[PDB]
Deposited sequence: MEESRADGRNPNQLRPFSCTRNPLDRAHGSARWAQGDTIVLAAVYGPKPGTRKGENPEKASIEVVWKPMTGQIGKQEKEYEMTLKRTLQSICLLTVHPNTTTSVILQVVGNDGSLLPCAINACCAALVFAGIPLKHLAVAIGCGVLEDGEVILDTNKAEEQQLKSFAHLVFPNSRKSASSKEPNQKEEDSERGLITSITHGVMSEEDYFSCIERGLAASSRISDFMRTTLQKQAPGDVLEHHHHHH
C-alpha cells in the first residue's frame, strides 16, 4: 500500500487514559492521523422523559472537528449509538443515563471504526458495564477482491467497496459501495483475525 503497510496491517494505534478531569472516563484514541476524543459520564441517576427508566440509557453526541454536524457525521453518530447501546449491559443500572461525547480531532480515514474503538475504551474506563468489548475495523476492497484493513483517507478516495465491521470480544456491519457476498466474507474473515490486536490492547496495555 502507498503508506507501506500490507493488506492486513493495522496502522499504529495509541491512547491516553482519561485526559478529561470532569469525565468519569475518557480516551483520546489514535490510529495513524485519525484521532478522536471519547468522554463518558458515569451512570447518572434519571432518565430522559422519552426513555424507559426500567433499563439504563446510553446517549451519544458526535461533534465534528469544526463547524457543525453534516449528513455523514450524523449517520456516524447514529451507528455509534446503535453500537454502544448494543454492547452496554443495560440491566445493571436502571433509571440511569450515560452520556457519550465523541470529539473528532483528525480524520485520515476509518473515522467511524476509530470513534467506535475510542468509545469502547472510554466506557471501560468510566466503569460502564459492558456485555463485551467492541472492536471496529474499516475494511477496503481492492479491484479484484484484495481486502485492505484500516483504510486511510487516500485509500477511501480510491476503492469502490468497503465495510465497517465491529466484532464482539458480530455486533454491527455497514458496507458502502459494491459488495459481493464473497467480498463481504473476506472482509469479516480478514477483520476478525486482525481484531485480536485491538482487543489485546484494550485488555492489557489500557489497564
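- Coordinate coverage of the deposited sequence breaks at 1-4, 174-193, 232-246, these segments carrying no C-alpha atoms.
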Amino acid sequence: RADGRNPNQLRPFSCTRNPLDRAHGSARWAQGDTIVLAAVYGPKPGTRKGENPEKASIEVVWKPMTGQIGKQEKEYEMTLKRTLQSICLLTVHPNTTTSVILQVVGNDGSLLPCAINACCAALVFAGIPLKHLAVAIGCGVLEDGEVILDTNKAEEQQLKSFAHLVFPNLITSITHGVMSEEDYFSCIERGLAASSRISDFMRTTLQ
From here on, numbers count along this sequence of modelled residues.
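- Higher mean CA B-factor, judged across 34-42 and 52-60 from the recorded values: 52-60.
- Higher mean CA B-factor, judged across 119-127 and 85-93 from the recorded values: 85-93.
- Highest C-alpha temperature factor among 110, 98, 103, 72, as the PDB entry reports it: 72.
- Annotation for residue 176: C-alpha temperature factor in the middle third relative to the rest of the modelled chain, per the entry.
- Ranked by Cα temperature factor within the chain, residue 141 sits in the highest third according to the deposited record.
- The deposited CA B-factor of residue 147 belongs to the highest third of values across its chain.
- When the CA B factors of the chain's modelled residues are split into thirds, the value for residue 154 lands in the highest one.
- Residue-level temperature factors show residue 184 in the middle third of its chain, judged at the C-alpha atom.
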